[PDB]
Amino acid sequence: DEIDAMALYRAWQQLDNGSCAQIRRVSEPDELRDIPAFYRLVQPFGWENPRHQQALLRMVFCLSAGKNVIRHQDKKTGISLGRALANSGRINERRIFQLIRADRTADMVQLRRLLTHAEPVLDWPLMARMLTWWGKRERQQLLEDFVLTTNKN
Amino acid sequence: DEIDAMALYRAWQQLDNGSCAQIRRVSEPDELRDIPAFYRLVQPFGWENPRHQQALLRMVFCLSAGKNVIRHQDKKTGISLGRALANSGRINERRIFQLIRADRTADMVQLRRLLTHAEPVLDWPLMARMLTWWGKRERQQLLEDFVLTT
Amino acid sequence: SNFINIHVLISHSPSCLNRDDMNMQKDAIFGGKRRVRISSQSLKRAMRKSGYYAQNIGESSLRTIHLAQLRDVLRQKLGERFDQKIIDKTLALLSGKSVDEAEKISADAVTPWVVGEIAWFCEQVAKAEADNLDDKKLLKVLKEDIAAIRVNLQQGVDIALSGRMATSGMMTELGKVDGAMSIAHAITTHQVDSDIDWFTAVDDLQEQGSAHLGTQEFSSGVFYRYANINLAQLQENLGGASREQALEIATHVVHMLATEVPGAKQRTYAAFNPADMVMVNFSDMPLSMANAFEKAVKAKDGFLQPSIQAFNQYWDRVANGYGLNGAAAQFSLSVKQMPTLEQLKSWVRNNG
Amino acid sequence: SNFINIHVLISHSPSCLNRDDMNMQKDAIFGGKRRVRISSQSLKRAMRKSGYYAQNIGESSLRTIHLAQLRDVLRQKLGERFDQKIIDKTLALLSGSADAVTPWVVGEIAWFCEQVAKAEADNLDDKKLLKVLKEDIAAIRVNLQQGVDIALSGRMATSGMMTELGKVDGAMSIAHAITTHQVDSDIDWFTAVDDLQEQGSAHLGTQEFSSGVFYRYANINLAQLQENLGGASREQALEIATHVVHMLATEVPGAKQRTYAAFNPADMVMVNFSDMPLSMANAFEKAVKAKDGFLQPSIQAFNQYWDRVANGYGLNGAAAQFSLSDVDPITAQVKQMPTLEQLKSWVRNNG
Amino acid sequence: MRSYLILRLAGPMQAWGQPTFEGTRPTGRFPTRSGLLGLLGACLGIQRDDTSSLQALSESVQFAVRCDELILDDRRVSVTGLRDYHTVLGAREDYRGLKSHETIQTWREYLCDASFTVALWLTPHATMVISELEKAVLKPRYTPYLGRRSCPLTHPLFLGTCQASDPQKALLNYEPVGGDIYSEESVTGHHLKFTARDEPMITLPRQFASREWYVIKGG
DNA sequence: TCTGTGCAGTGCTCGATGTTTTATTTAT
DNA sequence: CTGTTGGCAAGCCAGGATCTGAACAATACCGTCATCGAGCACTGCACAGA
């Protein structure tokens with residue numbers, strides 16, 4: 001019972017310029033529930049199941065930062081979000097804290113801005129799993145990967 | 001392959017006051033995972049290898065009692081932790097029992113309280129080796145060393 | 001049905017209801033997970049020393065190893081019924097020890113005693129030497145009607161329930177009792193990592209710091225209590241009591257198992273919680289429900305609700321798989337359903 | 001097939017079901033790791049002394065043996081060593097159309113024949129013979145009324161059996177029960193509060209105890225069972241076997257149960273017929289690791305082991321399984337039984 | 001080349017006797033001659049009083065036993081000893097009558113994590129054929145066990161059949177190879193012997209004669 | 001037609017008794 | 001039927017000291033060698049004579 005992350009990534013990349021532009025326009029994830037093009041995209045990914053939809057809101061909202069912002073890559077673990085943000089070298093550690101300390105919906109807004117800023121090369125399905133379990137464990141591993149990668153350079 | 005215990009001991013010793021204070025206010029070993037200063041401290045000692053992680057958490061959490069609580073002293077095996085706690089003459093035998101009987105995380109919490117009280121002089125690489133495994137055998141040897149000293 | 005199974009789920013607020021040699025909470029590994037434990041001997045002593053037992057069952061037995069102190073108690077209690085000489089010899093025959101005037105006379109081991117039972121014995125001893133009947137033959141005679149001895153355990157029911165052994169004296173032959181109640185150690189349905197209280201003792205003549213710093217283990221827990229009563233064995237242990245007498249005693253055990261909590265650390269932790277679920281079931285073979293919690297219960301709006309649910313699901317699995325159809329009733333605050341404990345107790349009193 | 005294999009996985013709550021001369025739990029090393037053990041003899045006695053056994057085995061119909069009906073076959077069996085004069089004299093003094101006869105019956109009577117044959121030669125009879133053989137005669141008379149118990153469990157520790165044919169093994173063989181997982185036992189530190197002592201207790205002690213998911217194994221030799229029942233039928237033997245299946249699933253040793261009360265029934269029962277009886281203990285040779293308990297991974301490890309080796313080990317043959325759990329099942333070659341009674345009926349009907 | 005019958009003796013517990021008249025029941029390190037005969041005699045339907053075919057089995061068959069080390073996860077597991085405190089209630093006090101003791105005590109030793117591979121061949125004047133011994137181990141009449149009835153098998157008795165020059169060369173075909181071999185027939189490069197009193201005197205029940213294994217170490 | 005004291009006949013529990021034992025003690 | 005792009009995301013400096021960590025009392029017993037003969041029991045034994 002898991003969302004096909006790569007399929008959703010492909011579904012977004014192939015999506016018509018008009019529909020995806022309607023989605024990007026959104027300012028916070030809960031507003032996506034008022035856009036018709038949104039359901040049109042996430043329908044073949046089990047939006048019907050209430051468990052999937054909260055994760056789907058997060059996944060699309062991150063995908064809706066741009067269309068070219070998140071360059072997916074393939075494992076040679078696979079690049080995590082924490083590694084990717086640190087790899088860009090544009091993000092400082094205090095902005096990472098402002099993500100993992102942010103409250104509900106505020107966190108996704110910050111993450112969105114971070115993706116736009118960093119334009120990261122990462123493993124998208126890996127990131128999709130993080131957004132599904134966006135918990136205390138994910139925040140903590142996010143900071144870990146960022147600090148270690150930054151410190152290595 | 002094995003954690004350089006003295007290098008880590010030195011790294012903790014010449015740590016800046018900020019990074020040191022951020023680590024010291026931790027209340028249990030797992031909370032070190034929230035501290036950026038912690039990751040930078042243990043990265044050159046093999047943290048990214050999962051094999052070393054539980055050991056490094058114990059080592060640093062024991063050190064986190066303070067820069068001046070554990071005094072390393074060179075061999076003349078070297079002074080074990082059990083002998084060192086007894087050498088202080090400050091620790092009741094009952095508290096040693098309670099330490100070696102304690103379960104996970106709680107054992108490290110009680111140990112650090114004992115280190116704070118005792119301020120031991122010991123063979124740190126020897127204690128680190130003990131912290132690496134920390135099996136039932138190591139815990140019984142701790143108690144027996146303490147008793148054989150008193 | 002000869003067995004009455006009793007199942008209790010009881011939740012306690014933070015406490016330390018039972019601890020070991022180093023004052024740490026008793027525990028046990030079940031399903032690969034640590035459970036906080038309350039020993040069966042702690043449960044049994046809390047029940048036998050309780051007010052409810054005293055009011056509804058009677059006097060708990062006298063458990064001691066100090067015969068010299070016991071000697072003096074019997075002299076003060078059985079003095080107006082027997083002469084001091086007979087009282088001394090009775091204890092001597094039963095214990096196998098020389099009862100003189102020594103300050104310290106010790107039995108083989110700790111042994112439960114019943115005054116009423118000792119009173120019955122010294123009658124026999126008196127009549128024995130009166131009829132010029134020696135001790136070797138006195139024992140031979142008394143071995144012929146043990147039921148007449150067991151009727152005295154109606155004055156010491158906790159022995160009829162929990163048993164007695166002796167390795168010296170006539171008690172070896174006449175006082176062997178196989179308890180009618182079986183009882184498990186209470187264990188938590190879930191995993192517990194115990195809490196630690198860091199405390200101080202402030203000294204009124206010490207302005208700087210405290211005079212003592214210490215740590216004390218404690219935790220919460222939803223506990224499973226199990227016990228059964230062998231009715232036929234309980235009747236035999238009471239000298240041939242009726243089933244109604246055994247059933248009424250079982251009913252008091254049910255009540256105590258649901259309400260009695262050990263007193264340890266209760267003055268400073270006050271976990272005076274009654275059970276949230278009690279389940280009684282008649283059977284031909286004893287049946288424990290412990291394996292309802294072999295897979296440790298995960299919390300979900302507390303531990304109590306998912307524990308009761310796990311209990312119910314496993315009960316059905318066993319009943320459906322083993323085709324069990326003994327009478328059963330269930331009282332809960334969260335199979336015949338009972339709104340109150342009292343109705344549940346009437347049910348048991350009426351043979352289910 | 002001649003053998004019935006019985007496999008039980010049974011989970012016990014904290015207890016001390018079987019201990020040694022230091023009051024320590026019995027154990028065993030298996031796969032290099034410590035398993036708590038309940039001995040064969042402890043498990044078998046729990047069955048043999050149980051109420052269920054006394055009612056279904058002790059009070060069986062095939063229980064009684066009539067020396068009268070056995071006269072013919074005994075007359076020809078012992079007819080080459082003894083002549084009908086002694087054989088019939090013996091047969092009558094022991095009691096005061098049978099096809100076959102139980103081996104120990106022949107052998108023990110043959111011994112009595114040797115005694116009376118030597119009694120006539122030494123020229124003594126009346127009470128003198130019945131005085132000398134008083135206890136011996138009383139012994140065999142008791143045994144002649146416990147034929148199913150003897151056929152199933154073997155002779156008692158005191159039976160009065162005299163010959164080599166009188167060394168009667170049980171038709172069922174019970175293995176030592178061991179945990180599927182490694183166990184570090186707990187310790188109970190206890191007090192005994194003296195009602196007449198002010199300071200402290202009058203005794204202190206410790207008791208070792210633990211939980212454990214145990215694997216019980218037993219097999220039944222059908223032909224041996226039939227042969228020791230005077231030539232009973234397969235159906236009658238399968239009926240006895242049904243009781244063994246029931247007892248191995250429900251009977252628990254009484255030790256320490258008054259104070260630990262581990263009255264748990266089996267969560268998994270499986271029966272399979274074979275020509276070569278095999279324990280499936282190596283399903284747990286690599287000790288089972290806990291994953292939401294030990295019970296679920298144990299049943300899982302049992303099922304995966306069967307799927308892997310049953311074919312190559314020649315465990316083709318009738319196989320059925322009862323389970324309180326909904327763990328992913330074995331190969332479809334094993335017929336799933338929803339209740340124990342349905343499993344037992346499956347055994348009666350030869351599989 | 002002669003024909004060999006290859007057997008596997010594996011189980012969590014085994015017991016192979018040493019001389020005793022005491023309540024202590026000791027085990028050796030590998031299967032006995034008497035124990036292997038009894039195991040075969042169990043697969044065949046031989047009763048304890050049938051001295052005729054009891055002697056026919058003994059004179060027809062000779063053995064070779066290899067000790068196999070348990071390997072687990074690529075790690076070696078050694079054989080360990082086990083002491084069972086084994087009591088008996090109401091045990092016979094005499095050989096006739098019904099008088100009995102309250103409790104008697106026995107001490108029984110087992111092997112743990114032990115496994116064995118047995119090579120079997122016919123003597124030059126044997127009675128039976130390996131073909132019928134193969135049938136016996138595939139479909140035993142009496143219940144087969146490892147020393148004691150409480151010790152079941154976890155692997156089939158039958159392992160295989162083969163033809164070879166010596167018992168060592170025969171056991172080579174069957175993994176695991178490397179364990180020490182004790183044989184009734186000597187092999188060329190080896191001269192060591194293992195003394196034992198495990199030759200059952202068939203004319204004298206439950207009594208044993210002295211004999212000797214030929215020792216063949218593994219590489 | 002059942003039953004009573006003598007047995008013969010022995011099933012025992014009774015008690016004193018044959019023998020014989022000890023090896024250690026950290027690390028600082 | 002049709003929805004875009006570039007360019008850009010900071011630095012300094014700072015994390016404490018005092019002083020304190022318990023005591024008492026209690027850890028069991030039995031049986032799992034044997035010998036001999038005696039004194040004293042179940043226990044059937046027919047009966048003789050009631």
Side-chain angles (χ1 to χ4, degrees), chain A residues 16-25 37 66-68 88-92 94-95 113-114 116-118, chain B residues 16-25 37 76-77 79-80 82 86-87 90-92 94-95 98 113-114 116-118 144-145 147-150, chain C residues 21 65-66 95-97 106-111 165-169 171-172 176 198-203 206 208-215, chain D residues 21 126-127 130 134-135 189-194 197 199-206, chain E residues 23 85 87-89 91 93 97 99 101-106:
Chain A
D16 62 280
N17 306 73
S19 298
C20 65
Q22 292 184 347
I23 295 180
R24 298 185 194 92
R25 185 167 297 126
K67 191 145 123 189
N68 210 141
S88 80
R90 301 176 186 174
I91 316 294
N92 79 89
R94 192 191 302 118
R95 286 167 189 242
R113 282 166 170 159
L114 283 173
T116 300
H117 185 175
Chain B
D16 67 272
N17 300 338
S19 308
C20 181
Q22 296 163 357
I23 294 184
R24 280 164 36 226
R25 59 163 153 258
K76 235 62 127 175
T77 347
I79 302 178
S80 72
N87 280 337
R90 299 172 174 179
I91 310 299
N92 199 290
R94 190 151 280 263
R95 302 174 65 190
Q98 286 166 347
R113 284 170 170 156
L114 291 177
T116 292
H117 190 181
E144 290 180 14
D145 286 349
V147 168
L148 279 175
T149 301
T150 326
Chain C
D21 51 324
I65 198 182
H66 308 294
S95 66
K97 255 63 181 178
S106 169
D108 271 10
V110 186
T111 318
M165 66 167 285
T167 53
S168 122
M171 282 282 94
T172 287
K176 228 301 175 217
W198 198 85
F199 66 95
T200 61
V202 179
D203 192 308
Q206 179 187 327
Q208 179 69 44
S210 291
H212 192 78
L213 321 177
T215 56
Chain D
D21 55 335
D126 336 45
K127 191 139 289 167
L130 302 191
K134 177 197 171 187
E135 293 300 271
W189 192 87
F190 68 89
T191 56
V193 181
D194 199 288
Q197 182 179 321
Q199 270 273 22
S201 301
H203 194 80
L204 311 169
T206 56
Chain E
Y85 179 71
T87 52
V88 183
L89 296 171
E93 180 166 342
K99 37 186 182 179
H101 305 281
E102 185 175 14
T103 314
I104 63 162
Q105 293 172 318
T106 62

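Every heavy atom of this structure was used, including side-chain atoms; hydrogens, water molecules and symmetry mates were not. Numbers restart at 1 for each chain; the letters A, B, ... are given by sequence-line order, proteins then strands.
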Participant: Which part of the nucleic acid does B:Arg95 contact within heavy-atom distance under 4.0 Å: base, sugar-phosphate only, or nothing?
Facilitator: base
Participant: Roughly, in whole Å, what's the span from CG in D:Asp126 to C1' in F:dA8?
Facilitator: 15 Å
Participant: Is A:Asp16 touching bases, backbone alone, or none of the nucleic acid, heavy atoms closer than 4.0 Å?
Facilitator: nothing
Participant: Is it the case that G:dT43 and G:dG44 stack, meaning their six-membered ring centres lie under 5.5 Å apart and the ring planes differ by under 30 degrees?
Facilitator: yes
Participant: Which nucleotide, in any strand shown, forms a Watson-Crick or G-U wobble pair with F:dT24, with both distances under 3.5 Å?
Facilitator: none
Participant: Once you apply the 3.5 Å cut-off to both distances, tell me the Watson-Crick or G-U wobble partner of G:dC1, or none.
Facilitator: none
Participant: Syn or anti for G:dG31, taking syn as within 90° of 0?
Facilitator: anti
Participant: Suppose we define a pair by two distances each less than 3.5 Å, Watson-Crick or G-U wobble; what does G:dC36 pair with here?
Facilitator: F:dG15
Participant: Stacking test, F:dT24 against F:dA23: centre separation of the six-membered rings below 5.5 Å and plane angle below 30 degrees, yes or no?
Facilitator: no
Participant: Please give me the minimum heavy-atom distance between D:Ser201 and D:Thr191, naming the atom from each residue.
Facilitator: OG-CB, 3.4 Å
Participant: Could you identify the nucleotide paired to G:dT20, looking across every strand shown and requiring Watson-Crick or G-U wobble geometry with both distances under 3.5 Å?
Facilitator: none
Participant: Applying the Watson-Crick and G-U wobble criteria at under 3.5 Å, what pairs with F:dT1? Answer none if nothing qualifies.
Facilitator: G:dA50
Participant: Kindly say whether G:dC42 and F:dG9 qualify as a Watson-Crick or G-U pair under the rule that both distances are below 3.5 angstrom.
Facilitator: yes
Participant: Using a cut-off of 4.0 Å between protein heavy atoms and nucleotide atoms, how would you tag nucleotides 28-34 of chain G 5' to 3' with B, S and -?
Facilitator: BBS-B--
Participant: Considering residues, nucleotides and ligands other than C:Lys176, do more than 12 of their heavy atoms fall under 6.0 Å from its NZ?
Facilitator: yes
Participant: With both distances under 3.5 angstrom, what nucleotide forms a Watson-Crick or G-U wobble pair with G:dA25?
Facilitator: none
Participant: C:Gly214 near the nucleic acid: base, sugar-phosphate alone, or nothing, with a heavy-atom cut-off under 4.0 Å?
Facilitator: nothing
Participant: Using a heavy-atom cut-off of 4.0 Å across all strands, would you classify B:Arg94 as base, sugar-phosphate, or nothing?
Facilitator: nothing
Participant: Stacking between G:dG21 and G:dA22, judged by six-membered ring centres under 5.5 Å and planes under 30°?
Facilitator: no
Participant: List the atom of C:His66, the atom of D:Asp194, and the distance in Å for their closest heavy-atom pair.
Facilitator: CD2-OD1, 3.4 Å
Participant: Rounded to whole angstrom units, what separation is found between the CG atom of D:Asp194 and the P atom of G:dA25?
Facilitator: 17 Å
Participant: For D:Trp189, answer base if it contacts any base atom (sugar-phosphate contacts may also be present), sugar-phosphate if it contacts only those atoms, and nothing otherwise; contact means non-hydrogen atoms under 4.0 Å.
Facilitator: base
Participant: Please write out each protein N/O paired with an N/O of nucleotides 43-45 of chain G under 3.5 Å, distance rounded to 0.1 Å.
Facilitator:
unit_1 : atom_1 : unit_2   : atom_2 : d
G:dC45 : OP1    : D:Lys127 : NZ     : 3.1
G:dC45 : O5'    : D:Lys127 : NZ     : 2.8

